[PDB]
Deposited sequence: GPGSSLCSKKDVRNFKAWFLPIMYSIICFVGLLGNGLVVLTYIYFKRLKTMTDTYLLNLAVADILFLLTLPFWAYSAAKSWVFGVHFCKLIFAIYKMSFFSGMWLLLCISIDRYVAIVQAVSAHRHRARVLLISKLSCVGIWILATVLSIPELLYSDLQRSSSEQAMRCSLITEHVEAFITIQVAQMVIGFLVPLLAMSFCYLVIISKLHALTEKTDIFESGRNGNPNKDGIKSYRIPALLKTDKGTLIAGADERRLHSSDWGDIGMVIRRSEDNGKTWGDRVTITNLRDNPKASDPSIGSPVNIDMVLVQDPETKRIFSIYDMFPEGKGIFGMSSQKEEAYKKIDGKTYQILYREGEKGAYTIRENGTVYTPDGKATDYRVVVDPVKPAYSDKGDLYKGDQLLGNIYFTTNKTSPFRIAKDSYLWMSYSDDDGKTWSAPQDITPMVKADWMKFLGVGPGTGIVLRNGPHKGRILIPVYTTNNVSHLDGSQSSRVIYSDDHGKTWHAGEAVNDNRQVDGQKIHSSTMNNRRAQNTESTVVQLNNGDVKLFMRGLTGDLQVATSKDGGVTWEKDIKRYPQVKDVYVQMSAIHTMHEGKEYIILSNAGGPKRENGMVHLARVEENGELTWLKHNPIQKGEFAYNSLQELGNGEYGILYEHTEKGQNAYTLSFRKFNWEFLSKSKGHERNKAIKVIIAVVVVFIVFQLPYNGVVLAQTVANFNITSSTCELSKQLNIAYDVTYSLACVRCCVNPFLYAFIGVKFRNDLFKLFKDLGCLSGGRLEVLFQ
């Protein structure tokens, strides 16, 4: 079963897959020449790869003559075009590999004066490598009698040669396997990095369809993200066990990541007050901790978590209607108050937890002020002598006589070991909560430490208050609390709303009643010029920013409003950052019109301290609410945010990392081009079948014909690859098709 139309079939095949190839690869040269000034490192590599494609294409004529007649060109040129092919395949493998290390370091150019040195020095080194390893091809190819009529044909030499294995296998492991392996390393981590910058990682996974999750936890809310001096990422959240609402059995928890957010450890629990086992409605039968602010003091390295606390009830909706005094100053000391069932007077908790009567006599009762159980679940337990009776934070079905005021409190815990272990909670309420304040709680997220100015080192925590005139209907007002002594002592700054003009009249946080003049949870930033900016959740539809020239203590009277950034009435987070010598602010919040379509806004800080918004880019489609930003270093940033997919309970807290290229460039310019991928897969899928069939050619007569038609088509695909390569540059390519058509 033979034929000789296969003798004329190849003259036309080598003709067209040589014109397409020499036309396409010629366009690649000419376009590179008059464009030389703006040439990359890969642009010089893709050139030499077209040179290799041309040199191999310039032999296909001589195969057309030989198939149409015979080889009239000698043993010299026969030995030479097989070696010239190995030059193409080996250089292409090493040119492709030089793209790899280029893109590897470029995603893991700054001085053009040595981007040419090492670039073209490896063009010369590859050709020397390609030419040296291909010179052994001169001895395994020559002219053949063949006993096939009067026909002289050029071909590799047949089976009887085996001293070749010590030579040829070496060629393929250096000219191919080393490229293939090293290319496989580069483009594997390159893919890992692009994965890291484009996919979210679930940090606190909520349950699904209303059920609890692997750990019996229905819901997570309220993220905080902190980057420590040691490079650690701390992610904090509310662990909302029973439901998603702002009350119930909530624990303050964190997860540490020691590799910049790739993997995260197990949950650490700062605080989890024990529930009331005798409460009638469990969904509201536990003392509550809710909303934390993280910040690390950069001198001492102590990490602070500051958060709200309410006694047993519906959180802020469990406060008493008429005020209950919570603290009482006696002989210069401030003690917390206890109310005893049946009576009116104020018991006090003095030294060691000892409960004193309204007239100052010690009782046999005692409060666990220094808890010792895991998560400090035992804080507030009430003992008579050494018998446990109850807990001062319980307000219903009590098993002891004493409860604390049903008011609003502010607690703080610290870590001196990178967040692995946390102190017992310390009550900072009496240092910051004035008498008129109905509520005082944090704006969750990440506070700051002033970097510059006459107040540097001061720690700022955002908070907001209500008064007893209008409470949550018209007095929510932002401010900061601060500490100038490394967290020991706290002070309340003034409110943005104190002495502010609204409708031609002054207002004050303590007396106001005015829904549209409120401002609630906020995020704080210090500029390099020393001013403090406060970005405040409010109800004008757009971003409100207040300014303080004295380190947070007082605020200017004018609230700047930026319609460029919409505020759908939800928390946001903002951070200061530098880039290439210029100052910027990144702000993240829901882009709307509901709590959805998470966005990252970019602003440049002008000389006056005002913001020029440059860019607004979606960071997360779908449900998007509270979030927390941090700078990670080396032009990268992370964001921990509330989100729900596919019937997740509100909310799951996820982590995304991004860089300045995502942050500044337009929506289309991603990067994951990667025409390089297409060239590599074809340079393998086509050439590898050939050079493998010619290696198994070595190791009745018509079983080798199966090995011979293997030799034909796999040599045919290795020829068509030198045409497919310019088509790769134009279609999926970005620069080429643009640049070529624009020089016509």
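No C-alpha positions are given for the deposited-sequence stretches 1-10, 119-123, 688-689, 717-724, 770-785.
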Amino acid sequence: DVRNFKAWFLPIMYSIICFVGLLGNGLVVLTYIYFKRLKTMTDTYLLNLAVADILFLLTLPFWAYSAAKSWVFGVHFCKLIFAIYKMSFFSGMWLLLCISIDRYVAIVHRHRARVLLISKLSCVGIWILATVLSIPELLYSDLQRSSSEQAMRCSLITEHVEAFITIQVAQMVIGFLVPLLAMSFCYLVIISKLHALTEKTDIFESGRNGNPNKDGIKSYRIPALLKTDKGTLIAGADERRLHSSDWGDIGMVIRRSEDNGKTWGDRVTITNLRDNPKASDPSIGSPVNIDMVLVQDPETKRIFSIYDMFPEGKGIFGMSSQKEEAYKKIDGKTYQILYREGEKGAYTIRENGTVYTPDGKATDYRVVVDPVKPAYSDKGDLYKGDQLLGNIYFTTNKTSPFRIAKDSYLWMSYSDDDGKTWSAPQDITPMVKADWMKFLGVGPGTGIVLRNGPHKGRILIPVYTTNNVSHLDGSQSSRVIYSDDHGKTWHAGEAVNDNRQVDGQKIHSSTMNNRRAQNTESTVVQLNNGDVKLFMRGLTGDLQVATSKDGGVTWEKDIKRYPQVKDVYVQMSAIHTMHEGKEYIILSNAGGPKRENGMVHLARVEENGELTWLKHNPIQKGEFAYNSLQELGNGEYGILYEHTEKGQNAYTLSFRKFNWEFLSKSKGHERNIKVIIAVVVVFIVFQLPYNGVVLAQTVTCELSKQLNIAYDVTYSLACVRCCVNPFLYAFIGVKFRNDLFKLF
From here on, numbers count along this sequence of modelled residues.
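The mean Cα B-factor in the deposited entry runs higher for 601-609 than for the other of 476-484 and 601-609. Mean CA B-factor, 224-232 versus 451-459: the higher value falls on 224-232. Comparing the listed residues 341, 550, 162, 580, the entry records the largest Cα B-factor for 162. Highest C-alpha temperature factor among 572, 188, 640, 143, as the PDB entry reports it: 143.
For residue 76, the recorded CA B-factor ranks within the highest third of the chain. Only modelled residues enter the ranking. Among all modelled residues in this chain, the alpha-carbon of residue 563 has a temperature factor (C-alpha) in the middle third. Among the modelled residues of its chain, residue 464 has a C-alpha B-factor that falls in the lowest third according to the deposited record. Split the chain's modelled residues into thirds by C-alpha temperature factor. Residue 622 is in the middle one. In the deposited entry, the Cα temperature factor of residue 446 sits in the bottom third of values across the chain's modelled residues.
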